[PDB]
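Chains as they are written, first to last, in the deposited numbering: chain A, 1328 to 1375; chain B, 2 to 892, 911 to 1341; chain C, 100 to 148; chain D, 247 to 787.
Input: a single structure, listed below in structure tokens.
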DNA sequence: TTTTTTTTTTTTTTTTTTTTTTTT
DNA sequence: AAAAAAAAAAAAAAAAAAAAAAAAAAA
């Protein structure tokens, strides 16, 4: 975790919460199961 | 002739192999070790004497003052075991040492002293060892498992070709001392000898040699053989030795004496070397090119210029040879370097070596071990001297010296505790030889390479550590202090030694809570061998080598008893007959076989000596003389088995059982079982809770009396005699006049234990097993302990198992239990728990245990006494108030903090204790318990006095009969005046006064004992700093059987009771008796534990004979036919030992035997001698049960016959303590955590279950999103969402407001605590 | 939620950005990590422009 | 401060985290540094204090990386922010990816075969604790509770009215059963609870195969989906009746496992001459009626009139009736197979492969619900008729071969001859070793073959004639041939010799162990046969 | 005599699920 | 009486990844 977080900090990286893990950590719906459609809607409302 | 308690119920024995060595005292290890830890040794080698002589005397920093040790003593403990357990203090003895301080004078390096002073100083208290091998630390019974660590010495390990692509083996030697830094010597892929001190960075080996004052020439001379080249004015002749020519090809014509022995090109052959030897050729001629690459041995300096022509360890070349030719040197010494016999390992290592002199090597080693800071001329020298050649900081030990000398093939067996130059050089030479081809590696699992420390060795080491600490303290004090005539008491501090010894005995990987829920578990825990803890290999550091059963385990360590799971094999359990050699090695017994005769004399063989000799098998027939009946017999000589001749045999096993532990020798028909399932049985046999009425092993192994007697629980008469008073709390034994000492009139009072909690919350209880006025002899069972019956271990109950698949209720492994098992209440177990309430002294004010509690009603306080503490015997269910305690409260003005029974537990309050700090008030119940103990002690003391005083008064009466006869004038007056009568002038004149003075002394002893006990009872106990008092309560739950209560036999067949069927529904045979259990038979074949079916058959036979006895006794027929039947039952089998002819047995004793057998005759089946499958048929047919062992069962419910007759028999079943109500628990709105808002720990803390990282994939695999969303959003984490859904569900609305997990915010904050900025962009 | 802030009397290097094996400071200045740790130990001076 | 709590333990004792110790050290060092700078202390002292502050901040940020970790008064490496982030105990893997969960419980399990495929038992007490907010909601809806405190008190006292409310709630509210090692997605399945008295989570037997759950005390957790969407999820995705097909391979995961299979095997078989062989019956009903009264044994060859259906048409079932030749046992079995399947499926020995393929055929031809009911019926009837069989195992069910000792004598003679040849120098050590292992393997195979010949076909009876051979009914052969918790490998360690055993190195010992379990193993042979057991256990661990 | 590649060596990660005499 | 951090600790296998130092092998 030290390596990953240090590299992310120095690089100034930006995560967008798209996978099955970051959504799990953040507590939002899952982009795999029943939440799939919801996520698609979240994409459709955005940039519209 | 049989012992009386054995005569109560003599156990039929099927063993055909006679016993030659009775199973020794099962707790030899712990007792012997701790006895060697404390003993006055005239020549201190082991015990406190050893440590004291090692550290003392103590010399000041040239201060003309010295402190020297004199002697040591162990004062009697203030408290003893029972009150030590009840009160909670360690059962320790105070070690008190006489120390002598002496002051010297000026100008007296060894002159006489001017002043001396001796003082007895108390320094530390050591926890003594209870009679059962268990320490008592804080009211509990801790035990120190014995450790098994790699033996100190030299180990020539290999790498087995791994850790390299080439697959080359890199041999490496290691010197491991008992205390100090190690020393390794390892090779590399380039064949250079490298060293690494203390497993630190690597170095060339030769550096150490240079640090030992050895020049390059000295190194070459030590490790290489010189080859001499001569200059006979030309041709570069050379002195030849034939054997050095092996493995080489003749590049030129090898000739001498004008005879061509070998020619160019042809390889040198062994025939050629023999021909050279016969020719007696010493000097030959060789071309100069032979020296074109060879390495010079010693330095050469020109005689003219005094200049170094060439130094040692330098390959010679043609130019160098030409230069040194005219220099005037004719003799040249090179090194015999061969690729197969004498490799040039040292030469290449020296070439790699960058150091040049001793000082450079010492500087390098100092930078190595202590890098960074500059080296110094003195610092490096002192460090290296204090590394390997210092008695203070490096000690082989001696087991270490013996191993070091034996491995290197040295004559002596004792010497210095520190290495020497010769030692290191010999180690390097042996490693180089192993690399060469001669010599073999030493595996690190041969049990002649792993000691057994015990409590004694570890305790001694820790005491020595404390001793050196106090040594440093006194060293600082002395030189600092002057003579000051300061007594030797202010110099010594008792805190370091006591702290160290208590820290070891209380906190360590080894000093662990005893698993005190059986006699068997106690005895098997005390005889444990752990490969973990300080100084040993940890769990994650162990491969598969140490986890395996090396062929030297036979007879020393048990192969089939190791706790399965993460630590398997590292926790090996001792064998039955194993011992501890004087060096700590595991030696096992064997029988000496002479030319042809098997003499009964026993020799103990260590793991080393067993390899050389030849050892036979336990089951080898002999014909009344020790002569083998078979001329060929199986043996196991060098770790491998084979058929050997008759005379060639050397040793034979003492008894068949010695291959196993004591935890697996209790399994009947073990030899029929699998190894995995034998392990399961022997690991699940030491968890059986002591049932309410432990009954019997109906099929034992003949090795059950020893387990019960030798473990402390069973109790046993110290001296033979006749019972005088038996009560369920105490037993009084009148010792026989012959067994009594002349002085005292001794009567032995055994105070039993009644329902006290054991460390696993099971209830240990001792009841009497001897009626009033019954004789008892030495070492016979009086009070059966928990899970014992007439001295025989009884771990469970023997019930009528019936193998058949019943309606699926025993599908996988489940066991169907008839309700007759619970109606008869035979598996009921008493679980005693302890709850505590501590009243402290808060800053706001002291806490109180007043009965008045604010805001509570009257029913809640009803069960409390006037002092507010629950009554003894009140039936308290969940939530009740057990101790009414209140505390000061800030801006009633007090807060209720009363201890209450945890929800779920429901039992009777059998006992209450109240400990009060010295100088603190006592409450009503404390006074009641104090008065109870006081009256009990006073009554016991008076009862003890009674008979002793009565004997003296009877003697006084008898004396008064003669010389002043008073037949009727004496009895009328009170006995008090019987000691004040005159006498005539005779030898008896000074007898009345003597008896009167003796009576006065007796009364004085009585009153002082009473006063001492009163003081010990009334004294306010010692507690922690800041605690006013403690109130403990003992609940006594009684758990019955229910679906979930795990049950398991002894052959490692387990199962969860799956249903308690009514009596009728169970299968029943034509006689009406319903089978009390219905197992699943499909688990027998696959699991291959076929021992249990034979046990079941033998159990059916046993109860058949028992029921025949019961029928013959129901009608009062006679003793004669009972005699005849019991004799025909005990004479069954062939060759069976233990002729038990009942002619000697008295008629009343025969009747008592019939009474104790009517429940079923016990049968003994030794582990590996066994009852033959043909004898079981005979015993079944002795009754009337079918020989095959299977009867026809009628289905309970349908009422119609079962096809294919089915097995039934009396199997012995335990009740493992994995009870269901200890496990089952559920949570809905329990209190959450503080750091990350989440549920709390399980069960007692009311927590939920772990939806772990592996249980979130199980949902993601599905199309499950909402369920996962809630499972990690609102069920556990989101602070407001759980409340919102709580109200919604109470409102009937099924929805959520997920929000964000609080733990995510916690992580964000913790990341922001670092120098990294993290946020949530939208 | 509320946080504080401690004002060091001297600047202090961040270990994560100093001792991670691909040491960020180590290869930022192209200076060997040993010569940097030596500087942080006040064992030697370093020219600064 | 809250993230590094300083709560007072009961009794005026304070429990604190290690962040506090490090922060205190840092502030103390910073104060000393500022004081030294104020006092203009010499260069060495200020440099030392600066270095010490550097080390203190190093420890606070990430302890145990630069230098050696600084311990507290407990002589252990204290945990800093880094140790709280990373590690198996860190926030990521302990409190973010998976957390302890409310509305949950755990317990030990049992068999409970009366359950249907889609409902698991649930102890009354545990169920009451789990569904408590639901009980409160229903009570305050029904008006029996004036306030929430009254409802809580009524539930705590466990009034008799609460049980009806709980049975109303449980009706349609799936609960997720979950074993501890959930390796694959079939380790979390949602059943419908059925209230049970006691303290055991009764679990349908078949699903054990999916869980690898054996009732040797292996514990299970129940979670409760709360929201409406989660309930519908556990109803439509995770229900046990929906996972009748594994995710890794297209084979079912509801195979009748070890006792149902023995029941069917014993019940779908033929005896050459049993009671009432050779009569004609008017269908499965007549066969069952004959069997119950005992007039005809369970398996006797007879002729039965059966109607079998086929869906060869465009989704339309067509029947055909014929006088098949079968046994009364198969006639009884046929009443459970659904309409579509053909009779030939239940006209054979019906071991474990045949029964599993029967289930697969039912699933692929009919769908899902028919196969679920078929699996339930198969389980019920298999259990019942295994019970009726009374299939036991005694010490007379391991018939050691009559020619075992002859084979062992031949092997001993051969090994003696090879040893003599070695004494003559004709054979080297390795070659003789290979020859000896070869002869021992051949002898062991011969012994096993003799065993199987004397165990599987040995049963001989007569039917209007001299004699005739038949597949034997010896119980161990029934439990091995059927595939129900047995095999030809796990047998031959009971009757025939148990082959050779390997040493710790992995080598093969020259002399095998020539005693089986029916005759007991002497000391040396058993000791040899522990290397394998401990190697296996360590390998599993 | 300098420079690039390859090799070696040291160091950094991972290693299952649940259940106490001494300064302010 | 309130507070407070030094030590001499020393120790582990196995395996692999990655970075730094060292040694060939030139032109």
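Even for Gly, the Cβ is constructed at its ideal location relative to N, Cα and C.
If contact means a Cβ-Cβ distance below 8 angstroms, which residues of the region 1294 to 1319 of chain B contact chain D?
Within the region 1294 to 1319 of chain B, the qualifying residues are 1294, 1295, 1296, 1301, 1304, 1305, 1308, 1309, 1310, 1311, 1313, 1314 and 1315.
When we look at the beta-carbon of residue 1270 (chain B) and count the other beta-carbons within 10 Å, is it buried (16 or more) or exposed?
buried
In chain A, which residues lie less than 9 angstroms from residue 137 (chain C) when you measure between Cβ atoms?
The premise fails here: residue 137 (chain C) is roughly 22 angstroms from chain A at the closest Cβ pair, so nothing lies under 9 angstroms.
For residue 230 (chain B), which beta-bridge partners are listed by DSSP?
For residue 230 (chain B), which the question treats as bridged, DSSP gives the partners B:239 and B:333.
Measure the alpha-carbon distance for residue 1011 (chain B) versus residue 989 (chain B) and round it to whole angstroms.
14 angstroms
Option in B:287, B:78, B:510 and B:391 with minimal Cα separation from residue 148 (chain B):
Nearest neighbour of residue 148 (chain B) by Cα position, chosen from B:287, B:78, B:510 and B:391, turns out to be B:510.
Rounded to the nearest angstrom, what separates residue 437 (chain D) and residue 1363 (chain A) at their Cα positions?
25 angstroms
7 angstroms CB neighbourhood of residue 679 (chain B) in its chain, flanking five on each side removed:
561, 665, 668, 671 and 1071
Can you pull the chain B residues whose beta carbon is under 8 angstroms from the beta carbon of residue 339 (chain D), in chain order?
Residue 339 (chain D) reaches chain B at 1272, counting residues in chain order whose Cβ is nearer than 8 angstroms.
Determine, using beta carbons only, whether residue 909 (chain B) and residue 1232 (chain B) come nearer to each other than 8 angstroms.
Here residue 909 (chain B) is not present, the numbering of chain B passing from 892 to 911 in one jump.
So for residue 951 (chain B), helix, strand or coil by DSSP?
Residue state for residue 951 (chain B) is assigned as helix, using DSSP reduced to three classes.
With residue 529 (chain D) and residue 550 (chain D) assumed to form a contact (beta carbons below 8 angstroms), what rounded beta-carbon distance in angstroms separates them?
With a Cβ gap of about 7 angstroms, residue 529 (chain D) and residue 550 (chain D) count as contacting.
Measure the C-alpha to C-alpha separation of residue 609 (chain D) and residue 597 (chain D) and round it to an integer number of angstroms.
19 angstroms
Three-state class that DSSP yields for residue 1007 (chain B) in the structure shown
coil
Interface residues of chain C facing residue 1337 (chain A) [CB-CB closer than 8 angstroms]:
116 and 123
Would residue 726 (chain B) and residue 660 (chain B) qualify as a contact pair, given that the criterion is a beta-carbon distance under 8 angstroms?
no
Residue from D:625, D:688, D:328 and D:713 with nearest C-alpha to residue 744 (chain D):
D:688
Pop quiz: residue 549 (chain B) and residue 780 (chain D) are said to be a contact at Cβ under 8 angstroms. What is the actual Cβ separation, rounded to whole angstroms?
6 angstroms
With DSSP collapsed to three states, give me the class of residue 170 (chain B).
When DSSP states are grouped into helix, strand and coil, residue 170 (chain B) belongs to the coil group.
With three or more beta-carbon pairs closer than 8 angstroms as the criterion, would you say the region 218 to 233 of chain B touches the region 376 to 396 of chain B?
no
Is the region 121 to 130 of chain B touching the region 81 to 94 of chain B in the sense that three or more CB pairs, one from each, lie closer than 8 angstroms?
yes
Okay, do the region 210 to 220 of chain B and the region 352 to 360 of chain B touch, 3+ Cβ pairs below 8 angstroms being the bar?
yes
Please state whether DSSP places residue 600 (chain B) in a helix, a strand or coil.
strand
Nearest to residue 757 (chain D) by alpha carbon, out of D:746, D:417, D:304 and D:573?
D:746
List the endpoints of the continuous alpha helix (DSSP H) containing residue 1231 (chain B).
Note, residue 1231 (chain B): premise wrong, no alpha helix (DSSP H); beta strand (DSSP E) at 1225 to 1232.
Run the CB neighbour count on residue 1370 (chain A), radius 10 Å, all protein chains shown included, and call it buried at 16 or more, exposed below.
exposed
Pairwise C-alpha distance: residue 588 (chain B) and residue 454 (chain B)
14 angstroms
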